[PDB]
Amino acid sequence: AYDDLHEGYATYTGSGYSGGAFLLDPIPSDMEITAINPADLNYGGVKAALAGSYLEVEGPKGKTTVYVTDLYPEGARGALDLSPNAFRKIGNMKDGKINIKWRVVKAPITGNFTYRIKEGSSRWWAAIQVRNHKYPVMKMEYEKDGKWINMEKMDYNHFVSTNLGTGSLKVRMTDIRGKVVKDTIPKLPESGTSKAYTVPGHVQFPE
């Protein structure tokens, strides 16, 4: 629609395949990825607003799409830190830094959300990650007896809250376009889970 490009500089790097901030591991080594500067990451006042998104990136030599897996701490506004397999498609690596133009695009994925329930989660406190989302997840709310509680998004790309209640958790998710989709996670453990675990989801953002 109204869908502005973002101008900035790209560098390249080899981290982000493992141990990146957004806790999105494992990353296939053939995957084209990127680290994003803090200002653009936390769009809308949401920590990790753009975590797990995909960007289309024009360099002086071509255009390419990258999965956003990590924070680029020392990056200026507009700055991306690309994997070299991605970088090489849009610029010469002889130059260390290239002019780029990027925007958020729809993820080249299929199927539904997958939920990751962080280690330490319970009815008392929980951090919930959304994976496999066609668009940036701006918001996640759960219903506790009648009303909708907003969950804060963290730097580690999980939505977080307390006293969530017993019983299965009905949730809703909003994307960067304002689209909202509803789902249901199975009831949380009474005592904090020693291991993080996976819940296959039943919904996806609209095309």
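Numbering starts at 1 and runs along the sequence shown.
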{"item": "Higher-scoring stretch by recorded Cα B factor average, 114 to 122 or 91 to 99", "value": "91 to 99"}
{"item": "Per the entry, higher mean C-alpha B factor between 32 to 40 and 147 to 155", "value": "147 to 155"}
{"item": "Residue of maximum C-alpha B factor among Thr65, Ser53, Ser168, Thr174, per deposited coordinates", "value": "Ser168"}
{"item": "Record-listed C-alpha B factor of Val160: chain third", "value": "middle"}
{"item": "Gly178 - which third its CA temperature factor falls in, relative to the rest of the chain", "value": "middle"}
{"item": "Third of the chain's Cα B-factor distribution that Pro189 belongs to, per the entry", "value": "highest"}
{"item": "Chain thirds of CA B-factor: placement of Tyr17", "value": "middle"}
